[PDB]
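Below is one structure; the comments refer to it alone.
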Amino acid sequence: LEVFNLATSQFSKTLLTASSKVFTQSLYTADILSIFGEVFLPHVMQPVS
Amino acid sequence: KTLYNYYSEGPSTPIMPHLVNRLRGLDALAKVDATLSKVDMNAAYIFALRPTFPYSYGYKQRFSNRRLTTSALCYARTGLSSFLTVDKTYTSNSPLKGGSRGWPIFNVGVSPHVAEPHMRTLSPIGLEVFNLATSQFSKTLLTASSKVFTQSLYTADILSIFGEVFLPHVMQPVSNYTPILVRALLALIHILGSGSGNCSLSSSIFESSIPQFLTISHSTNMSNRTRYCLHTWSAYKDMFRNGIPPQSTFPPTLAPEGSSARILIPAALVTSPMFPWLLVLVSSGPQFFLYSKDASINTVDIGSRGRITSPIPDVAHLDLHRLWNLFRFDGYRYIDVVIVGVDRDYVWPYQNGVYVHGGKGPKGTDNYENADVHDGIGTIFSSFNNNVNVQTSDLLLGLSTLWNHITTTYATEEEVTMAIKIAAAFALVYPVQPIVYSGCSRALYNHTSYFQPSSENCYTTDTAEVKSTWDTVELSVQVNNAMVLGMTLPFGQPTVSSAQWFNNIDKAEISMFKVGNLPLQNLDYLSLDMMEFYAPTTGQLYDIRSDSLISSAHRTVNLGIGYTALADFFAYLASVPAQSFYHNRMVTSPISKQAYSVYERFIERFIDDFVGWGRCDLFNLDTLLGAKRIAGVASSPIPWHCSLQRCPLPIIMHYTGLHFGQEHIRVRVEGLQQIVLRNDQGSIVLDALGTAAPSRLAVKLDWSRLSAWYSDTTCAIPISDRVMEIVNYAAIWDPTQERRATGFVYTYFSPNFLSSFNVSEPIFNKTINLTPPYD
């Protein structure tokens, strides 16, 4: 949802709502957000499977 | 409305409200009449930049008995699609077949007027910068900035940049992107080539299609170059610490100034292919010259009967200039490119040997301490280097990306429309107008000052088929100079500047008089949009559904031909003679200045009513009145009776609604006059019947009288003998002339040029049948 917000809105921040750095090497850091916004943008726009 | 509606209206009462409602409708038609995104790219370019204008011809005869005529279709086109000159390396002084010794330079200056900005909306980062500007610090004011993303545009440093060098725009967020859109449209049109496919003064030499490959040539003596200085943000900000140095670009810009500007470009966008095309289109131009890679495979020669000769005889020593070379734009003379978000080891990705101030230095060092100035866009951007060969698609990729991004993210539809309307004034280049002369009958030999038939500026080069008897021009040096000096833009303005690259010497003579002016692009808007300081105008990714590059260029060329046609119509209504736009327009007759005075009123009224831009930037009399009659070249003995007319009649009819159908030809009670002349020995020498030509007021009150006037004074032009049917039956009787009798003038096009009208598309290689249908 926050990746979608980054895709559809100009950056603020208030948009960083779910990501955290508490857990090391998890799937919830900012790097994973970058991965999602880079190589999975259409699925972010239209989530299907 | 539709094209069917407009073809059945005709001119009406006041003709200025007419011809502008028609133009707006025709422009609206061109927006939706063809989805060019579903065809091949070359086909789209052909269909956008070279429109066809179908029409049906035909003539009647007095006594027809089993006469067989073909009622076919023809497709009229106007304008030069490129220019053919002698090779830069060519030492002989012999005249080449179809190759001009030089070429015109349409030098455009800088408009003092400012493109009016319109309101924008702040981004959250910009909103917080605004809060910092208008409130005492708290904090609670830091609402959008973050340090999660490294080297992004959302840290506190970018806030400092905005509050330092863009404060007025923070206070009043506005932007206008019309001038860069104008330059982009012109770049596309001049690189590809708009018009009819004619590519020479010879009127019989055509280029088959868009070139596939281009060549870049540099010329120090002939280019119009901009100086560039590359800095990182830290190095650029550090040179203003100890006072203000000379030529400072630091202060913000509301009204752009031609000398010196700064652009702040994020590091992520420097590697975009649009970036060099961004540096071009705001700089001076041209900084390099563009040629078709080889002129043999594209150029053809067309016969009087439509015989295509593919390899023109002397193509080995000819250069095929793009229209890009015939134009000269004044932009910013000095640009400070400031890359934002880079370290002290930053490397210029383009041309080697180029070091960014505050970046990687020559040997191996960081924080380069020199701010080197590079003269010309070619000294950086190796893709613009001398003798570079490039596919046109690769060249245009950056332009298309730039246009798509700007028109979907930064600009509004109004800005794009204004850019189209302005660019249409410089979209096309036309050769000097050729005219013929019927002459006078033998019975009137003693009552005329112009007895013999004649022609002017009628040049052809094909030798395969029969040459037209009216095409008597031979291309000497002085005649070539005169013909180049007679070339015009859509609104009629010529040039008095020209260039020549002969032997091994390149030379340009640039007059202080300019054919027009263009506004500068405020680069602060560009910087702030590229740093996401504004909210985007739209969230769409693609302009295919709205205001694409090719659709915009098609609209621009459509409006440019419309400007040419309406200008010809105005010159007719203002009785502006064709000879007032020749190389010797100043030394021939005092009619020229009066005609300019009358014509400029029509032009300015139209420009204010339709374009809305300040007239003077699009048309003025500076180049007309600064004529340059060169050495000799005597004008042919033709009376000044035909108007300006750069377009064939069917195109003029399309844009004006003028109807010249066969129903206006009389075939069958007394409105004629018996005209009598006597000599000293009381002997009647004329005793002839005549009819009065209509006054322009009568035409104003009844536009069908102009149609009748066409059908009473027009004859089909013969090809092999200089005797028309008309001169055996009719003549012009002007009582206020010292000698009352003259013939007819008849703006001339050429059978070779008219053969190209025989196919729906401007493609002629070998399988095209240009022969007249059914003989």
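Labels used: A, B, ... for chains in the order of the structure tokens, numbers from 1 for residues in each chain, and numbers from 1 for ligands as shown.
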For this session: Would you list, as a list in words, the residues of stretch 237-308 of chain B that end up in strand (DSSP E or B) under DSSP run on this structure's backbone?
Result: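 Output for stretch 237-308 of chain B, strand (DSSP E or B) only: residues 261, 262, 263, 264, 265, 266, 283, 285, 289, 290, 291, 292, 299, 300, 301, 302 and 308 of chain B.
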Would you mind exporting the chosen residues as an mmCIF file, in the first residue's frame, restricted to N, CA, C and O atoms?
data_model
loop_
_atom_site.group_PDB
_atom_site.id
_atom_site.type_symbol
_atom_site.label_atom_id
_atom_site.label_comp_id
_atom_site.auth_asym_id
_atom_site.auth_seq_id
_atom_site.Cartn_x
_atom_site.Cartn_y
_atom_site.Cartn_z
ATOM 1 N N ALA B 261 22.405 32.129 -18.271
ATOM 2 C CA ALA B 261 21.320 31.535 -17.509
ATOM 3 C C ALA B 261 21.874 30.307 -16.806
ATOM 4 O O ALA B 261 22.958 29.824 -17.134
ATOM 5 N N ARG B 262 21.133 29.823 -15.820
ATOM 6 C CA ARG B 262 21.534 28.635 -15.088
ATOM 7 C C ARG B 262 20.415 27.609 -15.134
ATOM 8 O O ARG B 262 19.234 27.963 -15.134
ATOM 9 N N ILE B 263 20.793 26.338 -15.186
ATOM 10 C CA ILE B 263 19.847 25.235 -15.111
ATOM 11 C C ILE B 263 20.329 24.280 -14.027
ATOM 12 O O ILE B 263 21.526 23.990 -13.933
ATOM 13 N N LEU B 264 19.411 23.851 -13.177
ATOM 14 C CA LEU B 264 19.709 22.930 -12.088
ATOM 15 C C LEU B 264 19.079 21.591 -12.441
ATOM 16 O O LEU B 264 17.852 21.457 -12.442
ATOM 17 N N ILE B 265 19.916 20.614 -12.748
ATOM 18 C CA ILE B 265 19.482 19.327 -13.282
ATOM 19 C C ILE B 265 19.840 18.245 -12.270
ATOM 20 O O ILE B 265 20.987 18.196 -11.816
ATOM 21 N N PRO B 266 18.893 17.409 -11.854
ATOM 22 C CA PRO B 266 19.237 16.285 -10.976
ATOM 23 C C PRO B 266 20.107 15.260 -11.690
ATOM 24 O O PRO B 266 20.018 15.071 -12.906
ATOM 25 N N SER B 283 19.354 26.920 -26.314
ATOM 26 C CA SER B 283 20.600 27.574 -26.657
ATOM 27 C C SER B 283 20.456 28.324 -27.976
ATOM 28 O O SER B 283 19.382 28.398 -28.572
ATOM 29 N N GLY B 285 21.252 28.515 -31.998
ATOM 30 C CA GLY B 285 21.222 27.500 -33.020
ATOM 31 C C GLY B 285 21.392 28.068 -34.411
ATOM 32 O O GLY B 285 21.102 29.238 -34.670
ATOM 33 N N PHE B 289 25.600 21.403 -38.164
ATOM 34 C CA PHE B 289 24.836 21.300 -39.398
ATOM 35 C C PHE B 289 24.518 19.844 -39.698
ATOM 36 O O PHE B 289 25.343 18.956 -39.469
ATOM 37 N N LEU B 290 23.314 19.604 -40.202
ATOM 38 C CA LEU B 290 22.823 18.261 -40.465
ATOM 39 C C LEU B 290 22.657 18.039 -41.961
ATOM 40 O O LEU B 290 22.112 18.889 -42.671
ATOM 41 N N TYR B 291 23.128 16.888 -42.428
ATOM 42 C CA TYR B 291 23.044 16.502 -43.827
ATOM 43 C C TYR B 291 22.492 15.090 -43.907
ATOM 44 O O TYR B 291 22.680 14.286 -42.992
ATOM 45 N N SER B 292 21.803 14.789 -45.004
ATOM 46 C CA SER B 292 21.501 13.397 -45.308
ATOM 47 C C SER B 292 22.802 12.665 -45.605
ATOM 48 O O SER B 292 23.695 13.212 -46.257
ATOM 49 N N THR B 299 17.159 11.169 -53.579
ATOM 50 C CA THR B 299 16.772 12.164 -54.567
ATOM 51 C C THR B 299 16.424 11.516 -55.901
ATOM 52 O O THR B 299 17.036 10.526 -56.308
ATOM 53 N N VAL B 300 15.421 12.082 -56.574
ATOM 54 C CA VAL B 300 15.023 11.672 -57.914
ATOM 55 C C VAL B 300 14.804 12.919 -58.762
ATOM 56 O O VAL B 300 14.709 14.037 -58.253
ATOM 57 N N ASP B 301 14.733 12.709 -60.073
ATOM 58 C CA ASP B 301 14.403 13.751 -61.036
ATOM 59 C C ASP B 301 13.123 13.353 -61.755
ATOM 60 O O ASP B 301 12.995 12.213 -62.212
ATOM 61 N N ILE B 302 12.177 14.282 -61.848
ATOM 62 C CA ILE B 302 10.847 14.008 -62.377
ATOM 63 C C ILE B 302 10.691 14.721 -63.710
ATOM 64 O O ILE B 302 11.046 15.899 -63.838
ATOM 65 N N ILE B 308 10.411 9.255 -63.783
ATOM 66 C CA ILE B 308 11.290 9.363 -62.626
ATOM 67 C C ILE B 308 12.683 8.887 -63.015
ATOM 68 O O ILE B 308 12.867 7.734 -63.419
#
For this session: Skip stretch 765-774 of chain B itself and residues of its chain fewer than 4 positions away, then list as a PyMOL selection string all residues within 10 Å of it, counting only C-alpha atoms.
Result: chain B and resi 68-74+206-209+297-311+752+754-759
Residues of chain A that approach chain B to 12 Å or less, counting only C-alpha atoms: could you list each one with the shortest pair of atoms and its distance in Å to one decimal, rows by chain and increasing residue number, as JSON lines?
{"residue": "A:7", "atom": "CA", "partner": "B:539", "partner_atom": "CA", "distance": 10.3}
{"residue": "A:8", "atom": "CA", "partner": "B:539", "partner_atom": "CA", "distance": 8.1}
{"residue": "A:9", "atom": "CA", "partner": "B:539", "partner_atom": "CA", "distance": 9.2}
{"residue": "A:10", "atom": "CA", "partner": "B:123", "partner_atom": "CA", "distance": 6.8}
{"residue": "A:11", "atom": "CA", "partner": "B:124", "partner_atom": "CA", "distance": 7.2}
{"residue": "A:12", "atom": "CA", "partner": "B:144", "partner_atom": "CA", "distance": 4.2}
{"residue": "A:13", "atom": "CA", "partner": "B:144", "partner_atom": "CA", "distance": 4.8}
{"residue": "A:14", "atom": "CA", "partner": "B:144", "partner_atom": "CA", "distance": 6.8}
{"residue": "A:15", "atom": "CA", "partner": "B:144", "partner_atom": "CA", "distance": 9.0}
{"residue": "A:16", "atom": "CA", "partner": "B:148", "partner_atom": "CA", "distance": 9.2}
{"residue": "A:19", "atom": "CA", "partner": "B:148", "partner_atom": "CA", "distance": 10.3}
{"residue": "A:20", "atom": "CA", "partner": "B:148", "partner_atom": "CA", "distance": 10.3}
{"residue": "A:21", "atom": "CA", "partner": "B:148", "partner_atom": "CA", "distance": 10.2}
{"residue": "A:29", "atom": "CA", "partner": "B:148", "partner_atom": "CA", "distance": 9.8}
{"residue": "A:30", "atom": "CA", "partner": "B:148", "partner_atom": "CA", "distance": 7.3}
{"residue": "A:31", "atom": "CA", "partner": "B:149", "partner_atom": "CA", "distance": 9.1}
{"residue": "A:33", "atom": "CA", "partner": "B:149", "partner_atom": "CA", "distance": 10.6}
{"residue": "A:34", "atom": "CA", "partner": "B:149", "partner_atom": "CA", "distance": 9.4}
Those residues with N, CA, C and O atoms, as a PDB file, in the first residue's frame please?
ATOM      1  N   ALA A   7       3.922   5.507  -5.667  1.00  0.00           N
ATOM      2  CA  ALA A   7       3.754   5.513  -7.117  1.00  0.00           C
ATOM      3  C   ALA A   7       2.734   6.553  -7.563  1.00  0.00           C
ATOM      4  O   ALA A   7       2.884   7.154  -8.630  1.00  0.00           O
ATOM      5  N   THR A   8       1.691   6.782  -6.765  1.00  0.00           N
ATOM      6  CA  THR A   8       0.594   7.653  -7.170  1.00  0.00           C
ATOM      7  C   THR A   8       0.654   9.054  -6.571  1.00  0.00           C
ATOM      8  O   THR A   8      -0.203   9.878  -6.894  1.00  0.00           O
ATOM      9  N   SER A   9       1.625   9.352  -5.712  1.00  0.00           N
ATOM     10  CA  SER A   9       1.671  10.648  -5.049  1.00  0.00           C
ATOM     11  C   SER A   9       3.091  11.187  -5.054  1.00  0.00           C
ATOM     12  O   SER A   9       4.062  10.427  -5.087  1.00  0.00           O
ATOM     13  N   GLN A  10       3.201  12.510  -5.038  1.00  0.00           N
ATOM     14  CA  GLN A  10       4.502  13.142  -4.892  1.00  0.00           C
ATOM     15  C   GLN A  10       4.993  12.991  -3.458  1.00  0.00           C
ATOM     16  O   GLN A  10       4.216  13.033  -2.502  1.00  0.00           O
ATOM     17  N   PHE A  11       6.301  12.805  -3.319  1.00  0.00           N
ATOM     18  CA  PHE A  11       6.859  12.303  -2.072  1.00  0.00           C
ATOM     19  C   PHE A  11       6.572  13.227  -0.896  1.00  0.00           C
ATOM     20  O   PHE A  11       6.754  14.443  -0.974  1.00  0.00           O
ATOM     21  N   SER A  12       6.123  12.625   0.200  1.00  0.00           N
ATOM     22  CA  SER A  12       6.067  13.277   1.495  1.00  0.00           C
ATOM     23  C   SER A  12       6.392  12.234   2.549  1.00  0.00           C
ATOM     24  O   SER A  12       6.147  11.040   2.359  1.00  0.00           O
ATOM     25  N   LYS A  13       6.094  12.415   2.473  1.00  0.00           N
ATOM     26  CA  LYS A  13       6.446  11.627   3.645  1.00  0.00           C
ATOM     27  C   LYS A  13       5.254  11.428   4.570  1.00  0.00           C
ATOM     28  O   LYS A  13       5.270  10.516   5.401  1.00  0.00           O
ATOM     29  N   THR A  14       4.934  11.629   5.134  1.00  0.00           N
ATOM     30  CA  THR A  14       3.707  11.008   5.617  1.00  0.00           C
ATOM     31  C   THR A  14       3.338   9.745   4.850  1.00  0.00           C
ATOM     32  O   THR A  14       2.480   8.990   5.317  1.00  0.00           O
ATOM     33  N   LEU A  15       3.948   9.503   3.689  1.00  0.00           N
ATOM     34  CA  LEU A  15       3.660   8.297   2.924  1.00  0.00           C
ATOM     35  C   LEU A  15       4.369   7.068   3.472  1.00  0.00           C
ATOM     36  O   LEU A  15       3.915   5.947   3.222  1.00  0.00           O
ATOM     37  N   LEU A  16       5.463   7.248   4.205  1.00  0.00           N
ATOM     38  CA  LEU A  16       6.200   6.131   4.793  1.00  0.00           C
ATOM     39  C   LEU A  16       5.444   5.672   6.032  1.00  0.00           C
ATOM     40  O   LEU A  16       5.676   6.143   7.145  1.00  0.00           O
ATOM     41  N   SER A  19       6.978   0.748   6.483  1.00  0.00           N
ATOM     42  CA  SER A  19       8.358   0.283   6.479  1.00  0.00           C
ATOM     43  C   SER A  19       9.049   0.583   7.805  1.00  0.00           C
ATOM     44  O   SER A  19       8.728   1.550   8.499  1.00  0.00           O
ATOM     45  N   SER A  20      10.019  -0.261   8.147  1.00  0.00           N
ATOM     46  CA  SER A  20      10.758  -0.122   9.391  1.00  0.00           C
ATOM     47  C   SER A  20      12.152  -0.700   9.208  1.00  0.00           C
ATOM     48  O   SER A  20      12.395  -1.515   8.314  1.00  0.00           O
ATOM     49  N   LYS A  21      13.070  -0.265  10.067  1.00  0.00           N
ATOM     50  CA  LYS A  21      14.423  -0.803  10.100  1.00  0.00           C
ATOM     51  C   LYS A  21      14.715  -1.546  11.395  1.00  0.00           C
ATOM     52  O   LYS A  21      15.880  -1.826  11.689  1.00  0.00           O
ATOM     53  N   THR A  29      12.124  -3.141   4.891  1.00  0.00           N
ATOM     54  CA  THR A  29      12.989  -1.975   4.862  1.00  0.00           C
ATOM     55  C   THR A  29      12.710  -1.145   3.608  1.00  0.00           C
ATOM     56  O   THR A  29      11.889  -1.504   2.761  1.00  0.00           O
ATOM     57  N   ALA A  30      13.407  -0.012   3.487  1.00  0.00           N
ATOM     58  CA  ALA A  30      13.199   0.872   2.343  1.00  0.00           C
ATOM     59  C   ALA A  30      13.741   0.271   1.051  1.00  0.00           C
ATOM     60  O   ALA A  30      13.247   0.592  -0.039  1.00  0.00           O
ATOM     61  N   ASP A  31      14.748  -0.601   1.153  1.00  0.00           N
ATOM     62  CA  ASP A  31      15.292  -1.250  -0.035  1.00  0.00           C
ATOM     63  C   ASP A  31      14.239  -2.102  -0.732  1.00  0.00           C
ATOM     64  O   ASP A  31      14.161  -2.124  -1.966  1.00  0.00           O
ATOM     65  N   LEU A  33      11.044  -1.587  -0.619  1.00  0.00           N
ATOM     66  CA  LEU A  33      10.171  -0.618  -1.274  1.00  0.00           C
ATOM     67  C   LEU A  33      10.728  -0.218  -2.632  1.00  0.00           C
ATOM     68  O   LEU A  33       9.984  -0.124  -3.617  1.00  0.00           O
ATOM     69  N   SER A  34      12.038   0.029  -2.697  1.00  0.00           N
ATOM     70  CA  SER A  34      12.658   0.371  -3.972  1.00  0.00           C
ATOM     71  C   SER A  34      12.523  -0.771  -4.973  1.00  0.00           C
ATOM     72  O   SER A  34      12.239  -0.539  -6.153  1.00  0.00           O
TER      73      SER A  34
END
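Using only C-alpha atoms, the contacts of residue B:501 at a cut-off of 9 Å, with sequence neighbours closer than 2 positions omitted, comprise residues 85, 86, 87, 88, 89, 101, 102, 499, 503, 504, 505, 506, 507 and 508 of chain B.
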Those selected residues, please, written with N, CA and C atoms and delivered as an mmCIF file, in the first residue's frame.
data_model
loop_
_atom_site.group_PDB
_atom_site.id
_atom_site.type_symbol
_atom_site.label_atom_id
_atom_site.label_comp_id
_atom_site.auth_asym_id
_atom_site.auth_seq_id
_atom_site.Cartn_x
_atom_site.Cartn_y
_atom_site.Cartn_z
ATOM 1 N N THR B 85 22.840 21.750 -52.279
ATOM 2 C CA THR B 85 23.903 22.674 -52.645
ATOM 3 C C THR B 85 25.091 21.891 -53.181
ATOM 4 N N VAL B 86 26.115 22.627 -53.612
ATOM 5 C CA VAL B 86 27.362 21.992 -53.999
ATOM 6 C C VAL B 86 28.060 21.433 -52.763
ATOM 7 N N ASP B 87 28.950 20.474 -52.996
ATOM 8 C CA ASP B 87 29.692 19.855 -51.908
ATOM 9 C C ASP B 87 30.617 20.871 -51.248
ATOM 10 N N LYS B 88 30.852 20.686 -49.944
ATOM 11 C CA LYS B 88 31.784 21.563 -49.242
ATOM 12 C C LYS B 88 33.181 21.475 -49.837
ATOM 13 N N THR B 89 33.545 20.317 -50.375
ATOM 14 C CA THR B 89 34.836 20.088 -51.016
ATOM 15 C C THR B 89 34.588 20.042 -52.521
ATOM 16 N N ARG B 101 24.931 27.304 -55.192
ATOM 17 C CA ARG B 101 26.239 27.642 -54.645
ATOM 18 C C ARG B 101 26.176 28.015 -53.169
ATOM 19 N N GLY B 102 25.024 28.471 -52.687
ATOM 20 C CA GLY B 102 24.854 28.822 -51.290
ATOM 21 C C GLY B 102 23.466 28.475 -50.799
ATOM 22 N N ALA B 499 24.630 31.784 -46.465
ATOM 23 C CA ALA B 499 25.883 31.103 -46.187
ATOM 24 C C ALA B 499 26.356 30.370 -47.431
ATOM 25 N N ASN B 503 34.731 25.204 -52.073
ATOM 26 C CA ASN B 503 36.161 24.921 -52.098
ATOM 27 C C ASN B 503 36.567 24.271 -50.784
ATOM 28 N N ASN B 504 37.121 25.057 -49.863
ATOM 29 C CA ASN B 504 37.309 24.599 -48.493
ATOM 30 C C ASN B 504 37.053 25.726 -47.502
ATOM 31 N N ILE B 505 36.252 26.711 -47.898
ATOM 32 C CA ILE B 505 36.002 27.906 -47.104
ATOM 33 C C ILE B 505 34.518 27.960 -46.777
ATOM 34 N N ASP B 506 34.201 28.142 -45.501
ATOM 35 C CA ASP B 506 32.832 28.324 -45.044
ATOM 36 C C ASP B 506 32.656 29.763 -44.584
ATOM 37 N N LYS B 507 31.633 30.432 -45.108
ATOM 38 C CA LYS B 507 31.402 31.836 -44.815
ATOM 39 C C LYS B 507 29.909 32.107 -44.747
ATOM 40 N N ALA B 508 29.502 32.878 -43.744
ATOM 41 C CA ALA B 508 28.127 33.325 -43.604
ATOM 42 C C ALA B 508 28.107 34.830 -43.403
#
Problem set entry | Who sits within 12 Å of residue B:481, only C-alpha atoms, same chain under 4 positions skipped, as a list in words | residues 100, 101, 102, 103, 104, 201, 432, 457, 475, 476, 477, 485, 486, 487, 495, 496, 497, 498, 499, 500, 582, 583, 584, 628, 629, 630, 631, 632 and 633 of chain B
Problem set entry | Who sits within 8 Å of residue B:293, only C-alpha atoms, same chain under 6 positions skipped, as JSON, numbers by chain | {"B": [211, 213, 214, 215, 389]}
Just write the chosen residues, C-alpha atoms, as a PDB file, in the first residue's frame.
ATOM      1  CA  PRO B 211      16.254  10.234 -44.687  1.00  0.00           C
ATOM      2  CA  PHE B 213      20.765   8.420 -41.725  1.00  0.00           C
ATOM      3  CA  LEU B 214      22.139  11.882 -41.023  1.00  0.00           C
ATOM      4  CA  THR B 215      25.608  13.398 -40.912  1.00  0.00           C
ATOM      5  CA  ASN B 389      26.776   9.446 -38.548  1.00  0.00           C
TER       6      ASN B 389
END
For this session: Please provide as a list in words all residues within 10 Å of stretch 36-43 of chain A, with the sequence filter that same-chain residues fewer than 4 positions apart are discarded (counting only C-alpha atoms).
Result: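 Counting only the stated atoms, we get residues 3, 4, 6, 7, 30, 31, 32, 47, 48 and 49 of chain A.
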Taking N, CA and C atoms for each residue, export the selection above as a compact mmCIF listing (two decimals), in the first residue's frame.
# COMPACT_ATOMS: atom_id res chain seq x y z
N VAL A 3 3.99 1.41 -1.13
CA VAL A 3 4.60 1.48 -2.46
C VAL A 3 3.63 2.10 -3.46
N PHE A 4 2.36 1.71 -3.38
CA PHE A 4 1.33 2.29 -4.23
C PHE A 4 1.21 3.79 -4.00
N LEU A 6 3.57 5.79 -2.93
CA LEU A 6 4.74 6.41 -3.55
C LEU A 6 4.57 6.50 -5.06
N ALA A 7 3.92 5.51 -5.67
CA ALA A 7 3.75 5.51 -7.12
C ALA A 7 2.73 6.55 -7.56
N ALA A 30 13.41 -0.01 3.49
CA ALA A 30 13.20 0.87 2.34
C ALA A 30 13.74 0.27 1.05
N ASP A 31 14.75 -0.60 1.15
CA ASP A 31 15.29 -1.25 -0.04
C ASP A 31 14.24 -2.10 -0.73
N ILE A 32 13.43 -2.82 0.04
CA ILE A 32 12.37 -3.64 -0.55
C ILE A 32 11.32 -2.75 -1.21
N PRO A 47 -2.99 -5.15 -8.71
CA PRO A 47 -2.60 -6.40 -8.04
C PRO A 47 -3.50 -7.56 -8.42
N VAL A 48 -2.93 -8.55 -9.11
CA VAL A 48 -3.67 -9.73 -9.56
C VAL A 48 -2.73 -10.93 -9.50
N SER A 49 -3.32 -12.12 -9.53
CA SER A 49 -2.53 -13.34 -9.58
C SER A 49 -3.39 -14.50 -10.04
Exercise. Mind checking DSSP for chain A and telling me the alpha helix (DSSP H) residues as a PyMOL selection string?
Worked result: chain A and resi 2-8+30-39+41-45
Kindly save the residues from that selection, with N, CA, C and O atoms included, as a short mmCIF file (atom, residue, chain, number, x, y, z; two decimals), in the first residue's frame.
data_model
loop_
_atom_site.label_atom_id
_atom_site.label_comp_id
_atom_site.auth_asym_id
_atom_site.auth_seq_id
_atom_site.Cartn_x
_atom_site.Cartn_y
_atom_site.Cartn_z
N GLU A 2 1.95 1.25 0.78
CA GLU A 2 2.84 2.41 0.79
C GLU A 2 3.63 2.53 -0.50
O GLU A 2 3.91 3.65 -0.95
N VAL A 3 3.99 1.41 -1.13
CA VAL A 3 4.60 1.48 -2.46
C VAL A 3 3.63 2.10 -3.46
O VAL A 3 4.01 2.93 -4.29
N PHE A 4 2.36 1.71 -3.38
CA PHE A 4 1.33 2.29 -4.23
C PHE A 4 1.21 3.79 -4.00
O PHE A 4 1.07 4.57 -4.95
N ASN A 5 1.25 4.21 -2.73
CA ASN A 5 1.19 5.63 -2.42
C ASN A 5 2.38 6.38 -3.01
O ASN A 5 2.22 7.48 -3.54
N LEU A 6 3.57 5.79 -2.93
CA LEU A 6 4.74 6.41 -3.55
C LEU A 6 4.57 6.50 -5.06
O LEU A 6 5.05 7.46 -5.69
N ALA A 7 3.92 5.51 -5.67
CA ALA A 7 3.75 5.51 -7.12
C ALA A 7 2.73 6.55 -7.56
O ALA A 7 2.88 7.15 -8.63
N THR A 8 1.69 6.78 -6.77
CA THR A 8 0.59 7.65 -7.17
C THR A 8 0.65 9.05 -6.57
O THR A 8 -0.20 9.88 -6.89
N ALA A 30 13.41 -0.01 3.49
CA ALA A 30 13.20 0.87 2.34
C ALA A 30 13.74 0.27 1.05
O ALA A 30 13.25 0.59 -0.04
N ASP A 31 14.75 -0.60 1.15
CA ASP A 31 15.29 -1.25 -0.04
C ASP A 31 14.24 -2.10 -0.73
O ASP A 31 14.16 -2.12 -1.97
N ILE A 32 13.43 -2.82 0.04
CA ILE A 32 12.37 -3.64 -0.55
C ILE A 32 11.32 -2.75 -1.21
O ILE A 32 10.75 -3.11 -2.25
N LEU A 33 11.04 -1.59 -0.62
CA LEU A 33 10.17 -0.62 -1.27
C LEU A 33 10.73 -0.22 -2.63
O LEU A 33 9.98 -0.12 -3.62
N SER A 34 12.04 0.03 -2.70
CA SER A 34 12.66 0.37 -3.97
C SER A 34 12.52 -0.77 -4.97
O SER A 34 12.24 -0.54 -6.15
N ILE A 35 12.72 -2.01 -4.52
CA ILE A 35 12.58 -3.17 -5.41
C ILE A 35 11.17 -3.23 -5.99
O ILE A 35 10.98 -3.39 -7.20
N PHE A 36 10.16 -3.10 -5.12
CA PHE A 36 8.77 -3.15 -5.58
C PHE A 36 8.48 -2.04 -6.58
O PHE A 36 7.88 -2.29 -7.64
N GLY A 37 8.91 -0.82 -6.28
CA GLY A 37 8.65 0.29 -7.18
C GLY A 37 9.45 0.23 -8.46
O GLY A 37 9.09 0.91 -9.43
N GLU A 38 10.52 -0.55 -8.48
CA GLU A 38 11.36 -0.64 -9.67
C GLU A 38 10.90 -1.73 -10.63
O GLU A 38 10.66 -1.45 -11.81
N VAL A 39 10.77 -2.97 -10.16
CA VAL A 39 10.58 -4.09 -11.08
C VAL A 39 9.19 -4.70 -10.98
O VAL A 39 8.92 -5.71 -11.63
N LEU A 41 6.14 -2.47 -10.80
CA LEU A 41 5.20 -1.36 -10.79
C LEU A 41 3.83 -1.70 -11.35
O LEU A 41 2.82 -1.31 -10.73
N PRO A 42 3.69 -2.39 -12.49
CA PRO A 42 2.33 -2.71 -12.96
C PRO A 42 1.52 -3.53 -11.98
O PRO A 42 0.31 -3.32 -11.85
N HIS A 43 2.16 -4.47 -11.29
CA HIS A 43 1.44 -5.25 -10.29
C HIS A 43 1.05 -4.40 -9.09
O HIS A 43 0.01 -4.64 -8.47
N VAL A 44 1.88 -3.41 -8.74
CA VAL A 44 1.48 -2.44 -7.72
C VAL A 44 0.23 -1.71 -8.16
O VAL A 44 -0.72 -1.54 -7.39
N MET A 45 0.20 -1.27 -9.42
CA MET A 45 -0.96 -0.56 -9.94
C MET A 45 -2.19 -1.46 -9.98
O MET A 45 -3.29 -1.05 -9.59
#
